[PDB]
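Trainee: Sharing a structure with you now.
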Amino acid sequence: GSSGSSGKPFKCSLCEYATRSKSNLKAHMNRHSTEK
Ligand SMILES: [Zn+2]
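Going by the authors' numbering, the first residue of the sequence shown is number 1, and it counts up by one from there.
Okay, structure coming up:
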């Protein structure tokens with residue numbers, strides 16, 4: 001078979017976060033980047 005649409009286009013590579021805009025995901029991925 002093949003992968004589904006997962007309800008939203010931009011699903012985070014680390015967590016269950018997802019959004020309808022790539023710039024909004026990019027802002028969420030910056031939180032994962034700065035957290036240490
Ligand atoms: Zn995330």
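By construction, the Cβ of each residue, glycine as well, lies at the ideal position given by its N, Cα and C atoms.
Consult DSSP for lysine 22 and reduce its assignment to one of helix, strand or coil.
Mentor: Position 22 of the sequence shown, counting from 1, holds the residue named residue 22. Here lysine 22 sits in helix by DSSP.
Trainee: Going by Cα to Cα distance, which pick from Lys8, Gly1, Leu14 is closest to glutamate 35?
Mentor: Residue numbering aside, residue 35 sits at position 35 when the sequence shown is read from its first letter. The residue with the shortest Cα to Cα distance from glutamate 35 is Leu14.
Trainee: Between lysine 8 and the rest of its own chain, which residues show a CB-CB distance below 8 Å, the 5 nearest in sequence each way excluded?
Mentor: Locating residue 8 in the sequence shown gives position 8, where the first residue counts as 1. Once the five neighbours on either side are set aside, the close Cβ partners of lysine 8 are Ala18, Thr19, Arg20.
Trainee: Give the straight-line distance between the Cα atoms of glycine 1 and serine 33, rounded to the nearest whole angstrom.
Mentor: For the purposes of this step, residue 1 is taken as residue 1 along the sequence shown, with counting starting at 1. For the purposes of this step, residue 33 is taken as residue 33 along the sequence shown, with counting starting at 1. One C-alpha to the other measures close to 34 Å.
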